[PDB]
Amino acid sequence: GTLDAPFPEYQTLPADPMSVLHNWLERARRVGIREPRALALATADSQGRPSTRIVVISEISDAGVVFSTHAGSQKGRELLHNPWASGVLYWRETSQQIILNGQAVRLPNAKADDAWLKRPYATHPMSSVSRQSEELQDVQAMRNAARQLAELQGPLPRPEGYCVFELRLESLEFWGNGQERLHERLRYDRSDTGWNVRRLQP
């Protein structure tokens, strides 16, 4: 759109999409894309009905990307029975998308403890009182209970349901606007020995 949007990988077909992912994200940070790690994450229920919401990617790992949430949320309950998920990053400023597909696996509690402690302590009170995605019966009661905890010197204990998922990637697509509406689509699929890569028609 409004900012420079280089996509040399569409020509060169790099072998490792995780390198491409790292490079796109680092560039997004450098050029000042607004909230580049806001991932629209899709899960599905036992009938195959998708649900979506934004989550923040907290880190990139060897196998994929990592985010935190509550296990009893809708996404948590869906992932418990159906680990397959997909997320899209969309950067308006550069007209670029990254699509991330794979299986999300809940990481151990020590990882969750560390993630919880790395959040700003001001987030701990509400995340402790709320049972994410359950019906809220009394707004003021929640507000007041969190205010009681906000008086404390953080950090608070990690709540039982606070968890970290790693989305272990099986495929990725990098999308750019291209020239003459020939949008540039670079698609990776995991193989037994590495990754296959192809271009897709726009």
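Don't overthink the numbering: it's just position in the shown sequence, from 1. Whichever C-alpha set is largest while still superposing within 1.5 Å between the two forms counts as the rigid core.
- After a core fit, the C-alpha atoms in 4 other deposited structures of this protein lie farther on average from the shown form in one of 152-160 and 63-71, namely 152-160.
- The PDB entry reports B-factors from which the mean C-alpha value can be compared for 159-167 and 66-74; the larger average falls on 159-167.
- Taking the PDB entry as given, 147-155 carries the higher mean Cα B factor of the two stretches 147-155 and 56-64.
- Of all the options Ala141, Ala42, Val31, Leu172, the entry's greatest CA B-factor is assigned to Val31.
- Ranked by C-alpha B-factor against the other modelled residues of its chain, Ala122 falls in the highest third.
- When the modelled residues of the chain are ordered by C-alpha B-factor, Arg187 sits in the middle third.
- For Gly87, the recorded CA B-factor ranks within the lowest third of the chain. Only modelled residues enter the ranking.
- Residue-level temperature factors show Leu79 in the middle third of its chain, judged at the C-alpha atom.
- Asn177: CA B factor lies in the middle third for its chain, per the PDB record.
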